[PDB]
There are 4 protein chains.
Amino acid sequence: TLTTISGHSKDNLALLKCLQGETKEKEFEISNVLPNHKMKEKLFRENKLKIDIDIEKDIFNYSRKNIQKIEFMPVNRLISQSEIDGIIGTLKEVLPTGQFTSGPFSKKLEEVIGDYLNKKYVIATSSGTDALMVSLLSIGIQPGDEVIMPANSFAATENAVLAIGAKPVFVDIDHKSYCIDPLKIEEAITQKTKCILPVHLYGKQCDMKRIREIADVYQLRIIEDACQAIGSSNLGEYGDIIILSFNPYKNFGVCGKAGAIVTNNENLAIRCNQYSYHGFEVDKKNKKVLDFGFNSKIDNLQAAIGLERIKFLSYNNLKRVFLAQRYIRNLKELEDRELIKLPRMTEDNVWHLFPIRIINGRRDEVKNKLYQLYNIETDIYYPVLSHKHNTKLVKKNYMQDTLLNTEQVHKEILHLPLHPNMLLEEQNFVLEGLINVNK
Amino acid sequence: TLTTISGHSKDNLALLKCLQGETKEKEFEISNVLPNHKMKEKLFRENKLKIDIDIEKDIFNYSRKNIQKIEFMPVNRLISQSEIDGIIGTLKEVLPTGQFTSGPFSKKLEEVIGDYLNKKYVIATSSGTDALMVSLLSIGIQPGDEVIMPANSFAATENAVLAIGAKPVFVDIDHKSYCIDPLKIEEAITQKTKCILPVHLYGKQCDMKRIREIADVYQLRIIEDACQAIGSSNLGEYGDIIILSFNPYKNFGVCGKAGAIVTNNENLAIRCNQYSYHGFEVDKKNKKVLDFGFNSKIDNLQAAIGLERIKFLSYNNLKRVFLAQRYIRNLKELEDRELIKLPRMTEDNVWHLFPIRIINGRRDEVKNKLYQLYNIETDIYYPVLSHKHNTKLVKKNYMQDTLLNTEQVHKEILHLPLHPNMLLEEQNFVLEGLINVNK
Amino acid sequence: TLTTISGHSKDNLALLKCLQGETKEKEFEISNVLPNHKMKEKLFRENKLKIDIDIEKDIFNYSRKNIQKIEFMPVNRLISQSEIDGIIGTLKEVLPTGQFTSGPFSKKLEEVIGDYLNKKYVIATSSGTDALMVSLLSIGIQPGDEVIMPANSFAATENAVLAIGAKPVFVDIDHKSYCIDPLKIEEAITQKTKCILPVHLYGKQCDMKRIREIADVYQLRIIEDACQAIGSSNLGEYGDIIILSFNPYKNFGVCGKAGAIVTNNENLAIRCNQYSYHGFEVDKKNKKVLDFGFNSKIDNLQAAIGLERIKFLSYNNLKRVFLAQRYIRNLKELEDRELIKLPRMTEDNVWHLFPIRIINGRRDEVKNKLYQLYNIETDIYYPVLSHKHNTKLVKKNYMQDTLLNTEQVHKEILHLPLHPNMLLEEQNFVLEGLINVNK
Amino acid sequence: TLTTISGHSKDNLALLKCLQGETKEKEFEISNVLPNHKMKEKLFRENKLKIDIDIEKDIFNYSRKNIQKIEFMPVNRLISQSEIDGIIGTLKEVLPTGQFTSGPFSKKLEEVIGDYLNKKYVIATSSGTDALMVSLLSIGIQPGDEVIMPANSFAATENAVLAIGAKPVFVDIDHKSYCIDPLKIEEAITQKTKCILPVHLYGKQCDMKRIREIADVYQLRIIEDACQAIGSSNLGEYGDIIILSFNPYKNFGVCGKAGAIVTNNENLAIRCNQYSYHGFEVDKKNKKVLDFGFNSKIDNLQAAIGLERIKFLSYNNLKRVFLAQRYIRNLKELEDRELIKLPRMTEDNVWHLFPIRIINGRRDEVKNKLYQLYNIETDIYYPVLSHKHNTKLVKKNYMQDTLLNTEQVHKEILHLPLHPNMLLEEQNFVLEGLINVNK
Ligand SMILES: Cc1ncc(COP(=O)(O)O)c(/C=N/[C@@H]2[C@@H](O)[C@@H](O)O[C@H](COP(=O)(O)O)[C@H]2O)c1O
Ligand SMILES: Cc1ncc(COP(=O)(O)O)c(/C=N/[C@@H]2[C@@H](O)[C@@H](O)O[C@H](COP(=O)(O)O)[C@H]2O)c1O
Ligand SMILES: Cc1ncc(COP(=O)(O)O)c(/C=N/[C@@H]2[C@@H](O)[C@@H](O)O[C@H](COP(=O)(O)O)[C@H]2O)c1O
Ligand SMILES: Cc1ncc(COP(=O)(O)O)c(/C=N/[C@@H]2[C@@H](O)[C@@H](O)O[C@H](COP(=O)(O)O)[C@H]2O)c1O
Ligand code: NA
Ligand code: NA
């Protein structure tokens, strides 16, 4: 039996189970899309999987290194020499052209992203925040319009709504995935609601079928904040517009800020294109057709960088899945003792961030001791809920919000270091620290 | 007498006069600031002016090259090999740090810009448009507030006002500089005015002393749109906030989008710093103190590129001034014949764009024949005035606006090719075509 | 314990042992001297050793590249693109100065070399041969004086002695290191002896403590030919003068001919400076104080090139040690079988060349079959001993010389390809041919 | 009548007389040899002399510049940006080859030089000094042999003879050209004399006819020191070997040290080739056929530089002749008043240095006042005669030497700044100082 690896999360998990022998029924080929470039070079020979693949030594370079300390996300580790070499070579081609803002590599990256997402229209933007603001204006959001969203995302999700004058309406998360609870959304719908803005937090997709069911009944749009979820299988099937970020810390990043708007909806795509560049008619600069717009297309220079770095996407995502499975398998004893709750392996998760829950009040102690006693940095994404910031807006509009689940989970969440060029020895050091602090 | 070349417009003009023998007892030294680095290596030795400089042959590489056509702004010509080699060098240093968005080059570029503008506080941003939006919010603009501005700037100026819900109030330009007429500002002030937004159009400064007199009487803020005017002597002396753009077409540009907010006002600088980065407290990521903000700081990668390219700013500004003077001197007869109006040489102008006025209704014919008969591209920055776009906003709010001078000048203006890597042979081709089409 | 990497032989061996995990709980910082520039960039982060270094994959770029032949020293492989980019950068600074022979980079390189060798005085010369000629004059060599030296060096060593009219007196090598046998020196001393000229052949130091013991008894000077040994720890400790070569094939080279004279002795340094420039008093051009001299200082241009290329010296020397250790370890079975003798790993060797001995008279067969059958070039440095040339000098003076060890070793020696930009795949191709030809 | 400009001194004088209108009946073409490249590009169109040549403005960029001070030979002025651009261009092709000592550009430069000199054999060397020493060894000079030479050359001439153990025998110069008096040579021949070493001092050729007549009678070689005289018509007609220097201050220089041996004598040329590289058989490295040799071939990198710089030779020599004529015409009055003696214009002089004689004891006064009062540097090439250095050799061997005309001339000689990129305003400043100090 034969699977063609598409570069997305489902097939990465299927390949991993093959690499580990949890399966032997299956043979693999790999498609020639750009996000598969590195995986194909590293793990395949003549479109056949190499026979002698040692995940520990060949993919993670395991060599019994002695570790002294763990930073959560050392940004030098997120880019490889291979990537740098490719970036320098492409920039030697782009720089003499003098096209750094407008240019032909933006269109190419838009097409690559459009193929990878199976979506007809892509507008590459100067950031995921800008993509979200432009997308909200394209569906007609006016000041005072309400947008339903969770309260545990990065500040950008709420800020894009606020920047255009609209009003966040917070809904509680579910009990299993850190995502907006579909069963709480309907009761928060008012005559002012226009949009549901679910977040695929930490790289895990929301239950989009149920959210679409509700949005159709209420004739609401869905804009999906997928800034942490590139590569997740079937991303965007039910959404009107899907928002990506290509910030450098994302699973796929450029070398600066960038993002994208993705849709099948031609009218919405056209309005996005106009809003993202000053309100001008597309291809008629200086001639406004919308009342205003932003200076929010991607830079040609970053698009060219991104066409190099996206070559590593499926492979780095495969490394993330392996790391996550290792945390799950090696921390299971702490969950069986009912000290922590672990994520479960699912076929949609791309493991941008790896959350655990430390229960019965111990989270701060565990995080503090990991750092002070074992020199392990862990982090909390994010440290303040949307309805709890020290702001005039919160004091004026959000003091009556209670989000029971979100608030309880927030007292328990802790993120563990997980990034694709981490060493297995580094993960072992984290694993030993977590076990030892819970003894 | 001994003068230090500071890298700004006044000293560049004095240097040009000395190179050309219009002043005699003049020694020069060159200040060792980054924007002078190229001028110091090309024209100075032992901190004195080289004796053997020939402007036409050494600065413009005149060779009697044969020219067959002229493009207005071929973007490959705006960056030199020397700049490219330096940009590859600094990319090799920045890329392995993995610092692409936040980073240390952003702070250094802010310090360089603060030194060159003699201002205490600089927030480097993701574009000049973003700089303008943030600055407007920093002075307290709320939806419905009015901003007094001209109607002949690039769309970005009005768009920044509109995107935060404010209302442009358009005032006519003066009769001599394409800038907002100070004598028409006061009658446009209402209870809703919060800011005057003069634009230093084409590289020429507005009459800021008069505008400040009015602003002080009405206790109004001034935000100066200086996106075209970097290098202009005494820029900002009377402004609360100055906006710069480092778009690649500007007199100084990076290799993508960027800009800056410059101020001596610490309160405004702090608010700018918070609104440019999600409303977070300064250095307190994910902890909001303002109600929202944007994702609008410069990319560290672009700051590094800008620290390399700004080395060319004073030298490129000097080449622009010489080109401008050459147009003025060689087209004098067409003005004496009352066919065109020429700019005047002034100490503040950095000649981002070179406007002439074709009078007696001939502008369209001169533009079209220059291209179709003489193979010379000219342009009109900008083709539609702010109150004349076919937008809902204009149809609803601006149909009674009459800006007599702006509208009359708009029928006569034409921009001639002017960019610092032009050949004098290319400028000669322009000049001959302008003379011939006006026989 | 913390060790500062100095960039010399001994600390490179300690660093390689740490990287390979032959020591534990060694931490490293790196000295900020110019010869360590590349090693600091590539291997350290915040003045600590990077945790994620994989020698084969990151330092040698191993990719299982297919190899079909091996050349011994392809000169295009001795210089990297990084070096070229830096050389072009510094040529852009030096060329407009017009300073190409005399100039300030020569001084800077003399200071760098003096700091690296821990010596007070450095005269940078036009070649190592010139450095040795000048040095011999500086210690007072007159025509007819004898200089004790080995017979297995490059011809330059004997040529410098002969060019000033002095007489080589050849002494046999020891049985373990290719270097002059200290126990054979005293018997060759006559009333004419003025200098002992040991050669640190192939990168390995001679036994300088014992040679100094003899020299002191007989009031002899020692000039050390260290032209192959830059970076060897404690070089020069017992020598009056040390000679270096910066020819492009050395462990550190420029892009042309250059070398240096290094000494703590101010009298000799002054006389070297005088003889290396026409016999002129120091800084007194055209005014002789010595009877004559040569035109033998370094070119300023080569000195500037040297300041760029030397940045790679410690890293390239580290790579050479790894390559040497891999030959020793992978060829051990052939020494066990009594087919070959291998060098030992020692803290002083910088591995400019990698000698083995092929015993039982098989050297010529193995060399020829490695080439003809296996497409591997090896070489013999040097093919003719000093007393065995068909020259009038040899036929008149050296026909009674018997140098038993030198002659026997000369029948067995064979150099294997070894240069820092070799691939490990290329070294594997050499290893396989050597194993195979000795089946 | 039609002349084809060959690039040598005679045709340059002819061409100068045409550019000035002192000849009417003469048409010019120019040959396509490398030393004519810049003159052909600058002054010709389709192998015809440009109609419109203004020597002052087109060749000297005369622009009524205001001069403050004169340095005798500022080395930054000896290289043009055109040359620098070409040098960077050729090194971008040379550096990746890794051929920096041995290489193919050396052979090309030898071929260009042999054609320019009309000689069959050229050995490009690491300096002129090295060329001279190798040449003397090639004709069989042994320690104690005598070499007849003048006492007023650069120290290299005598040093090369001394360095190999031979004995300079000084002969007085003539009354008209600073060159060895042929009428005083024969009286200095002893049974030890082996060679006459005339020097083409300051760019002026010695009377080689009468010298060759003497050498034939006595079976002596002639080695001509032409290190200052490249471009001189009919150079080397009568000499066995002609020495060149390509030092960067010469009329043609590289960017470092280099020179050449030029001969028609194949036996000498072969011996020179061997002595210049360690005594090895040609194309048989490491196999000595001579007793010793040097490391004295040109660097391939310098040969590549020289192929770019020699493009400017004929044009720069033309500039020198104009400057020299201009000094002669404008100082004529001082010679008429019997205060100075001036050179006369001749067809062989390439004007490397411009000598005058200040008579009646005033030379020191004029030199000192020119510098103290007028900030004009002049110089004396050379400050000490060969038999007057305070060296042990002079005390032992040359105290009896009296060279009447040399010594008298030496009391009178002063050199005036002359280099091709000098400005005519600079030369005017020198002229004015010279007149004003002599009234
Ligand atoms: C769910 C979601 N929606 C929307 C967005 C907005 O996506 P941009 O507008 O493309 O960032 C984000 C972005 N999040 C990261 C953030 O997690 C942190 O690492 O900090 C970086 C910023 O860190 P630096 O400023 O140091 O790059 C942010 O990019 C996001 O995560
Ligand atoms: C007065 C003023 N205020 C404000 C602004 C806004 O400054 P950013 O936000 O930094 O651009 C500008 C910018 N203007 C140029 C525009 O002239 C044209 O060339 O088009 C480019 C855009 O061309 P590309 O998209 O091809 O870069 C613009 O950058 C400006 O000129
Ligand atoms: C021990 C000793 N002392 C003294 C010397 C003299 O050091 P320079 O005078 O600096 O070379 C040397 C030099 N040796 C090399 C030689 O090994 C060979 O590769 O050939 C090149 C010559 O090769 P090319 O001419 O192709 O560069 C020589 O540089 C030397 O090795
Ligand atoms: C007649 C004659 N023979 C022979 C020679 C020997 O020619 P190389 O061996 O090629 O120089 C020379 C050279 N002379 C100059 C000297 O004039 C002065 O400018 O000083 C420079 C040195 O100045 P720098 O060291 O600063 O380069 C010397 O090169 C020479 O002139
Ligand atoms: Na933006
Ligand atoms: Na030499």
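Here is how names work: the chains are called A, B, and so on, in the same order as the sequence lines, proteins then strands, and each is numbered from 1.
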* Starting at CD1 of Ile88(C), measure out to CG of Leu91(D) and round the result to the nearest 0.5 Å. => 5.5 Å

* Structure fact -> Tightest non-hydrogen contact, residues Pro248(C) and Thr101(D), listed as CD-CG2, 3.5 Å

* **Part of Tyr381(D) within contact of chain C (heavy atom distance under 4.5 Å)** => neither

* Asked: Hey, does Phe154(C) have a side-chain heavy atom less than 4.5 Å from the side chain of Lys285(D)?
  -> yes

* Backbone N or O of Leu393(D) within a donor-acceptor pair of the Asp291(C) side chain at under 3.5 Å? -> yes

* How many angstroms lie between CD in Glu158(D) and NZ in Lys288(C), if you round to the nearest 0.5 Å? -> 3.5 Å

* Asked: Testing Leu78(D), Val75(D), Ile79(D), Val254(D) for side-chain contact (heavy atoms from CB on, under 4.5 Å) with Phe100(C), which one passes?
  -> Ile79(D)

* Quick one: pull up OG in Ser126(D) and CG in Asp130(C) and give me the separation to the nearest 0.5 Å. => 6.5 Å

* Between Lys257(D) and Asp299(C), is there a side-chain N and carboxylate O pair less than 4.0 Å apart? -> yes

* To do: Determine whether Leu301(C) and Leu301(D) make a side-chain contact, defined as any pair of heavy atoms from C-beta on separated by less than 4.5 Å.
  => yes

* **Qualifying residues under side chain to side chain donor-acceptor pair (under 3.5 Å), relative to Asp145(C), sequence neighbours excluded** => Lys194(C)

* To do: Let me know if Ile164(D) has heavy atoms under 4.5 Å from chain C in its side chain, its backbone, both or neither.
  => neither

* **Partner chain C: residue of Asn76(D), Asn159(D), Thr391(D) with the largest heavy-atom pair count (under 4.5 Å)** => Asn159(D)

